[PDB]
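Those protein sequences? They're chains A, B, C, D, E and F, same order as listed.
Numbering of the first sequence is given in our numbering, commencing with residue 367 and proceeding in unit increments.
Numbering of the second sequence is given in our numbering, commencing with residue 133 and proceeding in unit increments.
Numbering of the third sequence is given in our numbering, commencing with residue 4 and proceeding in unit increments.
Numbering of the fourth sequence is given in our numbering, commencing with residue 25 and proceeding in unit increments.
Numbering of the fifth sequence is given in our numbering, commencing with residue 51 and proceeding in unit increments.
Numbering of the sixth sequence is given in our numbering, commencing with residue 40 and proceeding in unit increments.
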Amino acid sequence: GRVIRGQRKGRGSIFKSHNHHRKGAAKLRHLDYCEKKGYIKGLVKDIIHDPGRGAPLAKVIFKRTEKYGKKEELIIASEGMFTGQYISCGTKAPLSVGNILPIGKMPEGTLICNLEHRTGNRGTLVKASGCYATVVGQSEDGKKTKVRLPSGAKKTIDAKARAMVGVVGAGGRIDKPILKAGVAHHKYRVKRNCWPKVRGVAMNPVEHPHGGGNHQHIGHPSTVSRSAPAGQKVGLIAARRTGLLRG
Amino acid sequence: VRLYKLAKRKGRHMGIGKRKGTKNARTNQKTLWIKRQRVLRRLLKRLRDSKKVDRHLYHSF
Amino acid sequence: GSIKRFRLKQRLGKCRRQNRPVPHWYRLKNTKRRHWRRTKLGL
Amino acid sequence: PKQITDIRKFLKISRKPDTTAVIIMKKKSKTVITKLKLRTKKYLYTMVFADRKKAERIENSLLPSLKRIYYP
Amino acid sequence: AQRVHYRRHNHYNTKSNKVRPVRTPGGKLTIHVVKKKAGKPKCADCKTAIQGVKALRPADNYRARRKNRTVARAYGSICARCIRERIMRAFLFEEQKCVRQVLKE
Amino acid sequence: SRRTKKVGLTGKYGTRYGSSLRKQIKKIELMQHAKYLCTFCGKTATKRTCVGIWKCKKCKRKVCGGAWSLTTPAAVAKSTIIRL
RNA sequence: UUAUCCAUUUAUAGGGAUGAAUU
RNA sequence: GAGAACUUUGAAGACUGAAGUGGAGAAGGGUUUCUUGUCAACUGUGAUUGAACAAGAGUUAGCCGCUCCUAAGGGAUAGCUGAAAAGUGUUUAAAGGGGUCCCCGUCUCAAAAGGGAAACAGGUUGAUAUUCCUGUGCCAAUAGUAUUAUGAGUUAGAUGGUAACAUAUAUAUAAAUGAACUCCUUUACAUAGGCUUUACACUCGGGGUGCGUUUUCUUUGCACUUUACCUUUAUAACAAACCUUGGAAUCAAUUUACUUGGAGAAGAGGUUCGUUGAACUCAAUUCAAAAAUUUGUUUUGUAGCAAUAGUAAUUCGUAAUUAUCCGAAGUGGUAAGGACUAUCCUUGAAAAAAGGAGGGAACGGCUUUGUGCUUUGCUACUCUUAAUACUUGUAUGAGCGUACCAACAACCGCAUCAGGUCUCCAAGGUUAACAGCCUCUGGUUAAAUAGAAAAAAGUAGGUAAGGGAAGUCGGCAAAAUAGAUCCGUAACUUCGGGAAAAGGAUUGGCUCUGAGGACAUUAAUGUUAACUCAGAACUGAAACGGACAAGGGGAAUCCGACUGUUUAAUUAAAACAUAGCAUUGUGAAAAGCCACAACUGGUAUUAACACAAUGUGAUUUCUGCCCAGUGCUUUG
RNA sequence: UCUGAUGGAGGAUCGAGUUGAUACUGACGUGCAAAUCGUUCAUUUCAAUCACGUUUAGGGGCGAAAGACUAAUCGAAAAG
């Protein structure tokens with residue numbers, strides 16, 4: 367037939383992120399001498415909204431140790447921290463809401479956010495609105511620690527990664543149902559152009575494998591193997607099962 | 133026009149058969165409320181300034 | 004357009020110059036002539 | 025234009041060599057009023073006089089080295 | 051009445067091109083474009099407008115006299131309430147450091 | 040008087056949308072729009088400003104929080120943190 | 001650990017016990 | 001003019017009816033612009049006209065824009081692929097600025113609607129005007145030295161106020177040390193809602209001018225009676241913020257609306273910003289009261305720019321004189337500003353450039369010892385504006401656009417085609433009204449033709465006795481009220497509505513009654529303003545939302561939950577989409593989906609309340625059984 | 001709990017304008033026109049409308065999806 371809408375998506379023509387009003391990549395303060403050998407405390411001068419994500423962003427002030435003057439950074443805000451609160455990063459810092467600590471210090475059963483799956487990437491995991499993670503227990507010899515991610519998997523990360531004590535704010539955003547189409551349109555304004563969905567089965571029989579016929583039915587098994595080519599992966603991709611879940 | 137407006141001031145064409153705007157269209161109930169509230173509140177201000185009435189009764193009214 | 008570039012104005016002058024008819028006394032010894040409305044210069 | 029009231033200021037600005045021309049108006053108010061105007065590279069300074077006597081004395085007190093103009 | 055027309059070559063009513071009509075000694079209604087309004091200087095702490103200083107545009111602020119740009123008390127780009135707060139905070143936290151140091155021994 | 044029996048704040052939506060989705064939504068905006076107490080001043084004057092930021096009118100000191108609840112069970116882990 | 005690959009910053013300290021702070 | 005229904009002038013009747021064939025502009029057109037001649041062809045009819053033909057003429061900017069900065073972005077530099085054309089654009093980069101070794105750093109282009117240094121009024125010609133003239137300003141820059149002069153500071157940097165802060169008035173408020181290094185601010189931002197202030201517009205009564213009807217009445221009906229930018233323009237007034245004192249519950253002040261308060265309310269006294277740009281005795285002044293310079297009484301002035309300009313009249317050589325250009329108000333029709341409230345799973349851009357601050361590096365002048373430093377001998381000197389002069393290459397102000405049209409025949413539609421084409425201005429009456437309809441300012445009386453007779457037929461309408469859907473596939477076209485006030489309003493229902501349900505009553509003219517405000521005097525007397533409602537008689541061919549403007553309702557079933565979108569030129573739906581429901585894959589750079597010839601890239605400035613692919617389509621109650629078939633997947 | 005106010009939310013209602021094309025299967029259909037004219041109709045605080053600039057180039061783009069549109073040409077454009 368022709369190229370499918372599931373194929374044109376990755377070409378980069380109109381699916382580029384609307385980066386015009388984004389206030390800054392969410393990144394945590396990176397390594398230095400002080401972080402690895404003690405506490406360093408800054409303050410949060412302001413907290414703002416980011417049009418793309420849900421969780422707000424904290425504009426954090428810091429002072430360097432080699433050049434006179436300040437630096438600014440944007441952190442993924444966690445719940446219940448206020449403007450003016452002093453935020454401490456490093457190893458020897460006291461564990462409290464909003465602070466930054468290496469994974470080899472806090473006890474088990476403490477909620478956490480902004481993990482770092484490989485040390486130095488300055489913040490990579492658990493950043494969505496209203497989400498958290500929990501450490502299950504450190505290694506007996508150190509150097510390792512397992513954490514239970516929100517999806518429900520136990521991942522092992524070194525002890526020299528960093529994380530934030532507390533929970534990412536803006537929790538339960540999914541509770542309120544969208545009523546009007548306008549809310550959905552406004553929401554998808556500032557992320558992508560993946561909306562509206564448009565059912566595949568009502569497509570013309572040439573721009574989607576699902577379409578065609580006189581009763582708008584799929585006509586062949588919807589599940590498709592993981593080894594399929596680019597234009598074939600369109601259904602329930604290599605489904606392990608179907609139907610309602612049973613725990 | 134001037135003769136008709138003089139008759140208008142004398143009140144000769146207020147007929148319902150002549151009105152063609154709604155009750156709220158011909159005069160704003162909101163604006164009439166503003167006028168009423170403003171005149172009575174100014175009266176209360178003059179009352180307190182002359183000290184004819186005490187503050188405790190003033191606030192109640 | 005009330006706003007024009009220098010080369011465009013000069014080219015319009017050139018075209019108006021071209022629009023001039025053949026002198027009389029030369030004929031004693033044209034066909035490429037446009038009209039302001041019939042043919043558009045396009046430039 | 026910049027109206028000036030104090031009279032010693034005007035007598036000072038008259039002596040300034042950068043000034044060229046003076047302007048004398050006469051007009052009927054209700055008698056005659058005058059507005060002594062003075063032209064200089066920066067501005068044009070005017071003065072109102074309800075006193076014909078003061079106008080008469082000041083117009084001749086002004087130095088002769090500058091040119092005089094009357095619009096009417 | 052009369053009828054008017056734009057004159058400053060930009061015939062749209064964008065918020066940099068608003069109009070205040072006036073009449074002339076010639077007896078005609080002309081058009082003038084009033085300069086766009088500008089914001090006000092604000093304290094760095096409370097983000098609140100501070101007094102003592104004019105609120106012109108860039109060029110007008112440059113042209114303004116030095117007597118219309120600052121309040122003469124230490125900071126001057128900080129509201130008086132905030133500067134007082136900073137001053138006594140500055141003294142007292144230093145003294146707390148001193149007393150903690152002396153009680154350290 | 041009491042203009043409506045039970046619809047309340049969701050009467051703005053008119054007759055559209057089902058009751059199982061209007062009674063459901065009404066559970067949350069009632070305690071969203073209502074102002075909340077501020078710890079820093081004790082004045083119940085904290086409103087919402089965006090999806091996750093609350094502001095006290097008196098303090099002019101804003102605090103992050105949940106989508107619509109200033110505090111939530113997922114955010115009452117501060118007790119576990121603070122027992123140390 | 002050198003090949004190689006990945007990540008990071010201005011490639012800024014060898015390892016253990018709501019104010020500024022530059023000559 | 002030989003020629004005139006369609007050239008020109010006058011009379012008359014009309015139209016366009018401020019959403020205009022009116023003014024300006026943009027893109028586009030490119031001399032169609034103006035003048036003098038002009039009829040070979042064209043201007044579908046005539047033609048003396050012309051957007052035709054011929055000959056000349058016409059676009060004046062330090063201030064109107066471009067040029068400047070930056071956006072979604074483009075192009076290119078280093079590297080990397082590719083044989084190359086090319087594709088990538090910091091992915092191992094020794095890659096331009098400043099200070100004085102240190103710090104900073106891809107380049108460039110992209111807006112005639114964003115940000116943006118600087119202008120106004122009158123006059124001016126055949127064709128241009130914020131460009132020319134006259135008059136009055138403003139903006140930017142101004143190299144080195146030497147002279148004067150203006151002002152401050154000192155024997156290396158001011159003051160007053162307890163405070164918010166204020167202070168330099170020289171022609172010109174220019175000068176209140178200040179480096180390296182830094183932190184801010186401005187530039188700089190959504191929508192909705194009402195309130196308030198000012199300006200303009202409109203309207204009203206008086207005064208003065210001129211006009212006009214005047215069988216008949218008419219203190220008459222119409223026009224003019226004006227004042228730009230600039231002077232941190234001065235002040236006054238107001239919305240808010242702040243300061244001082246003051247110290248509250250019998251809670252208090254307050255908005256149309258809620259807002260605020262021991263984190264200090266009210267009262268009282270002040271400070272500022274912003275709105276406006278002469279408000280207010282504002283200015284000096286004539287007169288009285290305070291002392292080695294303050295408060296009360298008056299004159300003048302359109303606060304200056306200002307009348308010398310316009311405008312309207314009147315004389316007079318035919319260029320001048322003449323008198324007026326002022327006591328007051330109401331409407332809300334726009335615009336702008338202000339203070340607020342509400343909404344967002346939407347939070348509503350940046351640099352150019354400028355400002356402020358923390359900080360405290362360097363420090364008079366003349367002469368002199370010695371190796372910029374210590375020194376010895378005297379004290380008037382340090383910074384800034386203005387002008388002048390001399391040396392430096394000539395030491396103020398670059399270039400481009402500027403006529404015309406904006407469709408009515410100057411644009412595209414094969415064309416002088418009823419089509420399409422982007423913004424501002426926006427009068428009176430009637431009225432809810434920027435609707436319709438009529439009129440004033442301006443414009444036109446022209447549309448590829450005119451006179452006559454009026455049949456058939458067509459076509460845009462009217463009207464029809466009695467019947468009232470009997471026609472027809474089908475009440476398709478039309479007819480019925482429709483405005484406003486008042487009365488009343490069911491089944492069902494998600495309790496929000498249905499609902500203007502259904503269904504009724506009133507509706508004109510003239511003459512009256514009542515109610516609805518602000519302002520000042522020692523509870524009482526006066527001054528003065530809207531049209532808004534409620535009622536009343538009297539009257540008419542019983543008619544009065546008199547035209548203009550404006551729902552036909554009801555009983556049901558099927559489909560789709562709704563608002564929305566779509567087959568430009570045969571199908572607007574029951575089709576799609578949407579909110580909701582549910583599934584699957586995915587723990588990150590050794591992952592998912594996808595693009596790419598390879599390098600590489602988007603999702604991603606991303607992280608399971610996220611990304612990608614799906615079917616069903618509010619809500620209610622449900623969502624029964626089969627893993628044999630084919631798929632998909634799990635362990636070896 | 002019931003009554004009277006103020007208040008002004010709504011992908012709320014009517015409706016000129018803008019945007020479109022429901023019906024008359026009206027006119028013209030050798031037309032004003034290679035899609036127009038009259039009456040009627042739809043929409044108007046938001047999934048809105050327009051303008052300029054800007055990106056996506058053919059076995060491709062783009063599509064609230066009809067085999068639509070991509071210069072009157074589209075079940076594979078146009079020039080050679």
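A virtual CB, placed ideally from N, CA and C, is assigned to each residue, including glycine.
Inset, instruction - Taking C-beta pairs closer than 7 Å, name the residues in chain F that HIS551(A) reaches, listed in chain order. - result: As a working mapping, residue 551(A) is identified with position 185 in the first sequence. By Cβ distance, chain F contributes nothing, its closest Cβ being about 17 Å from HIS551(A), past 7 Å.
Notebook entry, point to check: Within the chosen definition, does the stretch 530-546 of chain A reach the stretch 489-498 of chain A through at least 3 CB pairs nearer than 8 Å?
Noted result: yes
Residue-chain proximity (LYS117(F), chain A), Cβ-Cβ < 8 Å: Translated into the one-based positions of the sixth sequence, residue 117(F) becomes position 78. Answer yes: the Cβ-Cβ gap between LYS117(F) and chain A drops below 8 Å somewhere.
field: Element boundaries [alpha helix (DSSP H), containing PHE9(C)]
entry: Numbered from 1 along the third sequence, position 6 holds the residue referred to as residue 9(C). Counted as a single uninterrupted DSSP element, the alpha helix (DSSP H) harbouring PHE9(C) occupies residues 9-21.
Proximity winner among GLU135(E), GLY102(E), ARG70(E) and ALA88(E), relative to residue 39(E) (alpha-carbon distances) = Residue 39(E) lies beyond the residue range present for chain E, which begins at 51 and ends at 155; the question has no answer from this structure.
Quiz prompt | Assigned exposure category for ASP30(D) - 16 Cβ within 10 Å defines buried | solution = For the purposes of this step, residue 30(D) is taken as the residue at position 6 of the fourth sequence. It is exposed - the Cβ of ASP30(D) has fewer than 16 other Cβ atoms within 10 Å.
At 4 residues or longer, what runs of the alpha helix (DSSP H) sit wholly inside the stretch 33-59 of chain D? none
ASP30(D): first and last residue of the uninterrupted alpha helix (DSSP H) it sits in: For the purposes of this step, residue 30(D) is identified with residue 6 of the fourth sequence, where counting begins at 1. Per DSSP, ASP30(D) is not a residue of any alpha helix (DSSP H), being assigned neither H nor E.
### Query
Start and end of the beta strand (DSSP E) containing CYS479(A)?
Counting from 1 along the first sequence, the entry for residue 479(A) is found at position 113. Taken as a continuous stretch (DSSP letters only), the beta strand (DSSP E) holding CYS479(A) covers 477-479.
Next item on the list: Work out the CA separation of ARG174(B) and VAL185(B) for me, nearest whole Å.
Entry: Locating residue 185(B) in the second sequence gives position 53, counting from the first residue. Locating residue 174(B) in the second sequence gives position 42, counting from the first residue. Those two C-alpha atoms are separated by around 14 Å.
Exercise for the section: Kindly say whether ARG122(F), judged by its beta-carbon, lies nearer than 8 Å to any beta-carbon of chain A. Expected result: As a working mapping, residue 122(F) is identified with position 83 in the sixth sequence. No, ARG122(F) does not count as interfacial toward chain A.
| query | Listed in chain order, which residues of the stretch 82-102 of chain F have Cβ atoms closer than 7 Å to some Cβ of chain A? | reply | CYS89, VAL90, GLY91, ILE92, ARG100, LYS101 and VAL102
Would you mind working out which of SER38(D), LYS36(D) and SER53(D) sits nearest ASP75(D), comparing C-alpha positions? Taking the fourth sequence and counting its residues from 1, one reaches residue 75(D) at position 51. The shortest Cα separation from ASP75(D) among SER38(D), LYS36(D) and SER53(D) belongs to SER53(D).
Point to revise | Inter-residue spacing [alpha-carbon to alpha-carbon] between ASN67(E) and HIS55(E) | key: Counting from 1 along the fifth sequence, the entry for residue 67(E) is found at position 17. Counting from 1 along the fifth sequence, the entry for residue 55(E) is found at position 5. So the alpha carbons of these two residues sit roughly 13 Å apart.
Excluding sequence positions up to five away, which residues of its chain have a Cβ less than 6 Å from the Cβ of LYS411(A)? Here the question's residue 411(A) lines up with position 45 in the first sequence. Excluding positions up to five away in sequence, the list reads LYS425 and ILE427.
Checklist entry - Are residue 20(D) and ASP42(D) touching if we call contact CB-CB under 8 Å? => result As shown, chain D starts at 25 and ends at 96. That puts residue 20(D) outside it, with no answer to give.
I'd like to know if the stretch 429-439 of chain A and the stretch 91-107 of chain F are in contact, where contact means that at least 3 CB-CB pairs between them fall below 8 Å. no
Practice item. Could you pull the start and end residues of the beta strand (DSSP E) that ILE453(A) belongs to? Key: One-based indexing of the first sequence puts residue 453(A) at position 87. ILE453(A) -> beta strand (DSSP E) spans 452-456.
query = Going by other Cβ atoms of all chains shown within 10 Å of its Cβ, with 16 needed for buried, is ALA459(A) buried or exposed?
reply = Counted from its first residue, the first sequence places residue 459(A) at position 93. Answer is buried; the Cβ neighbour count reaches 16.
Q) In whole angstroms, what separates the C-alpha of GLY597(A) from that of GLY372(A)? A) Your numbering for residue 597(A) matches position 231 in the first sequence. Your numbering for residue 372(A) matches position 6 in the first sequence. Using only the alpha carbons, I get a separation of about 8 Å.
* Would you mind sorting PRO575(A) into buried or exposed? The rule is 16 or more other CB atoms within 10 Å of its CB. => Position 209 of the first sequence, counted from the first residue, corresponds to residue 575(A). So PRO575(A) counts as buried.
| Going by alpha carbons, who is nearest to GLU432(A) out of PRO417(A), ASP398(A) and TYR405(A)? | The sequence position of residue 432(A) within the first sequence is 66, counting from 1. The shortest C-alpha separation from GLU432(A) is found at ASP398(A).
(message) By the DSSP assignment, the alpha helix (DSSP H) with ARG141(B) in it spans what residues?
(response) Within the second sequence, residue 141(B) is the residue found at index 9, counting from 1. Residues 134-142.
Is it buried or exposed for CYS560(A), if we count other Cβ within 10 angstroms and need 16 for buried? The residue you call residue 560(A) lines up with position 194 of the first sequence. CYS560(A) comes out exposed.
| query | Taking only runs of the alpha helix (DSSP H) that begin and end inside the stretch 464-535 of chain A, which ones reach a length of at least 4 residues, in chain order? | reply | Within the stretch 464-535 of chain A, no complete alpha helix (DSSP H) run reaches 4 residues.
Does any CB atom of chain F fall closer than 8 Å to the CB of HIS387(A)? For this step, residue 387(A) is matched to residue 21 along the first sequence. Judged by the 8 Å Cβ criterion, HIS387(A) is not in contact with chain F.
Spell out the partners DSSP gives residue 143(F) in its beta bridges. Since the first residue shown for chain F is 40 and the last is 123, residue 143(F) is missing from the structure and cannot be characterised.
TODO: Hey, could you find the ends of the alpha helix (DSSP H) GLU80(D) is sitting in?
DONE: Reading the fourth sequence from its first residue, position 56 is the one you call residue 80(D). 76-85 is the span of the alpha helix (DSSP H), which, as asked, contains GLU80(D).
* Asked: Along chain A, in chain order, which residues have C-beta atoms closer than 8 Å to that of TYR52(F)?
  -> In the sixth sequence, residue 52(F) corresponds to position 13, counting from 1. The answer, in chain order, is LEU545.
*asked:* Just verifying my parser: in three-state terms, what is the DSSP assignment at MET138(E)?
replied: Position 88 of the fifth sequence, counting from 1, holds the residue named residue 138(E). Helix.
Locate the beta strand (DSSP E) running through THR119(F), then write down its first and last residues.
-> The residue you call residue 119(F) lines up with position 80 of the sixth sequence. Careful: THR119(F) lies outside any beta strand (DSSP E), inside the alpha helix (DSSP H) at 117-121.
Discussion item. So that I know if they touch, is there some Cβ in chain A lying closer than 8 Å to that of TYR56(F)?
Written reply: Within the sixth sequence, the letter at position 17 stands for residue 56(F). Contact with chain A is found for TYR56(F), since one of that chain's Cβ atoms lies less than 8 Å from the residue's Cβ.
Kindly list the residues whose CB is nearer than 6 Å to the CB of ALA84(F), restricted to its own chain and excluding five residues on each side of it in sequence; keep chain order.
Position 45 of the sixth sequence, counting from 1, holds the residue named residue 84(F). Here the set comprises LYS74, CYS95, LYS96 and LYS97.
- Closer than 9 Å at the beta carbon, the chain F residues around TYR498(A): Within the first sequence, numbered from 1, the residue matching residue 498(A) stands at position 132. Below the 9 Å Cβ cutoff, chain F contributes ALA113 and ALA116 as neighbours of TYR498(A), in chain order.
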